[PDB]
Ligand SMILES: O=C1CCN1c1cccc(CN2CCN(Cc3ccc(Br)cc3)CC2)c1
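Shown below, as structure tokens, is a lone chain in the form solved without this ligand; questions about how it binds or moves come after it.
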């Protein structure tokens, strides 16, 4: 077999080639309809059953905004109904413009109002039809689908006026009174009345003028680790029901997280304003050090019969958070029971091996008092029966994977709570469990004076029915959740039962759980939303050949059996763009690993495959936890450049090694305490399977490339298996696990003290001497302003490479964080990546160079 050498293009020629292939790919950067809501018309005379609201991007270079579509009562099954997108909102037209201006100073200004005025999410109040949403700086409201009815034309968004000097974040409607909204301003919670215009600051925890070294406190906002490592952004939750006062007014309540980051390590990331030559101070809990001091607080808001604020009482926990919630480090999730009788929270220990679900009575909260005399009176005025109620507690020798599934049923019995919750802890696969918990009066008496025993708040489990089971998981992360039909007593859920390469929508009874019914067509992976009324569901679906598509499906039963659930295609929302020109999909393959697992992979055959010729091989890798790269989804948008590599004459390989997502907790836990030590074996094992099966794979010229965990494994690969991998391009790599944060590192590797050898062997920076003594094999890429994987990882690694006398190549993106945003940086990266592979792997110059 004679070796194939890629065409050796100049830098200018490659720049043009990459620009040419990018030109017809402008429509791709445009968000598909999401955040769906079904509102019933209730119009016997009218042709429509439901109006659906949703966020979407009408096209390329356009604003993510609110649209609505009409769901007919009947369809012509001969034809294919394509729903029209009606804009819910009028063109904002940024107010306080005035000036004079002209056509030449206005048609250029309209280009600047694209990325700014875009809606990321919205709130809705069914009873009033009130929409609340942030759009750029402003917080706006409109009404549709409530008592006022249904508009046939775009509505003008109503600016919520403010005296607040800074940007208002995280706006939320009060479910108990849609005249009242809350929002965050300079790390404190405010409320505002969209009718009376009354604006009121609830928390006085942060002073914007003060230094961050001094002022380390915030309220209603999730800290770094919770946003980046636990996918939680909001830190405050409205009580969904109001308490009527004797005066004829009401009490509105907000549960909120209060964080003190005083003892959290301060690091300095370079200021984006590079001319200043300054750095921003940042609270980064590096593994082994202090997380923020977290507690629960409640804001009690007394409103009179006319809707004016009487008083605001800030309340703290009767005892310290550390006493009431022994061994809890993280508030992963929080909210209210539907009646708002209890606040709930999903709490985690530092090791992230113990999850607790805790009901917190508002009665646990007493007014904040400096006077210890008056304070001691308030403590005693609260009964001993009032206590935190741990309605659930699970453990695992691997780790708790936090999800968004948790449905609380209406409280029928006084001393019982009934809920659905997902868990991997029982069978090592995420399954739905219906649990009933007895709300026992605690054996612990607060009056006695002693501290509580580890399990004095634990509630007995009356019932724990498994709703699902098997060698497959229910999905509860990154949009995946459940819809509970409390009427027909069903639960709709996404899962991997039919294949781990395809997400599918299933339905099943939660009273007499039996046969699980797939509602989505095989041959596609599905992301699904189910109507609150459980008579419709939308699917965002793709496969390897066909771009993403959004269709609506009506649910019904056979006349004779309401248990049996069927679906019928109703209408298309977003039509698929269809097979993309100059994109060849990859082939999904698999191989029986000597590890006892099936490992899946994607293979990109070189375009215009010549017979009896071996080609250079780029292995694209991530290989870290919480990610699956290999599945039956369209890859021609996100991983379009793996196709471009193939077109230039590269074999491209992707392998989901042990640790990957959607295969169960055991397959994931494979590398617990051992990160870096097992991933490249699985990559080589899969790479050697392909080489024996296909003769066109040249193992003499294998490249490896990845970002984040991919860049980390790219370095580990050149370090461990220089016999396999000629070149390694490492993007934003983790080089030293003691530098990375608490939430991620401790979850997979434990505390540094209890895994000295795991941390050492897992850190590439500590093994610089093991890198090749040949240049043109190692290339480091890093954004200079990266907040997640700091540039320090690279700079420390380089420091040790210089000591060890090893060569390296380096590219910096001075104005980029982790994810490259500014197009010029992305174009330069793509250009340099191809040129490097060309010059140091692909071409014949590369072969002569050794």
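Definition used throughout: the rigid core is the maximal C-alpha set that superposes within 1.5 Å between two forms. Positions refer to the first chain, counted from 1.
- Checked against the other entries of this protein, residue 102 counts as unresolved in at least one third of those spanning it.
- Per the records, residue 784 is modelled in every other compared entry, just as the shown structure includes it, so no third of them leave it out.
- Note on 791-799 vs 29-37: mean CA B-factor is higher in 29-37.
- Stretches 111-119 and 463-471 differ in mean CA B factor, with 111-119 having the higher one.
- Remark: of 676, 495, 147, 335, 147 shows the highest value [criterion: C-alpha B-factor in the PDB entry].
- Among 511, 730, 222, 736, the highest C-alpha B-factor in the deposited entry belongs to 511.
- When the modelled residues of the chain are ordered by C-alpha B-factor, residue 810 sits in the lowest third.
- Placement of the Cα temperature factor of residue 168 within the chain: lowest third of the modelled residues, per the deposited record.
- In this PDB entry, residue 263 carries a Cα temperature factor that places it within the middle third of its chain's modelled residues.
- In this PDB entry, residue 22 carries a Cα temperature factor that places it within the highest third of its chain's modelled residues.
- When the modelled residues of the chain are ordered by C-alpha B-factor, residue 781 sits in the lowest third.
As for the form solved in complex with this ligand, it is not shown, yet the points below apply to it.
- Site annotation in the deposited complex: the residue of 537, 131, 238, 707 reaching within 4.5 Å of this ligand with a heavy atom is 707.
- The partner is absent here, but in the deposited complex a heavy atom of 642, alone among 501, 360, 642, 599, sits within 4.5 Å of this ligand.
- The candidate spot formed by 620, 638 and 833 lies fully in contact with this ligand in the deposited complex, as each residue has a heavy atom within 4.5 Å of it.
- Among heavy atoms of residue 50, none comes within 4.5 Å of this ligand in the deposited complex.
- The closest heavy atom approach of residue 37 to this ligand in the deposited complex falls outside 4.5 Å.
- The closest non-hydrogen atom of residue 818 lies within 4.5 Å of this ligand in the deposited complex.
- Per the 4.5 Å heavy atom criterion, this ligand in the deposited complex is contacted by stretch 707-715, the sole one of 262-270, 145-153, 707-715, 462-470.
- Large C-alpha shift between the shown form and the other one, rigid core held fixed: of 587, 568, 700, 559, this applies to 559 alone, with a displacement of 2 Å or more.
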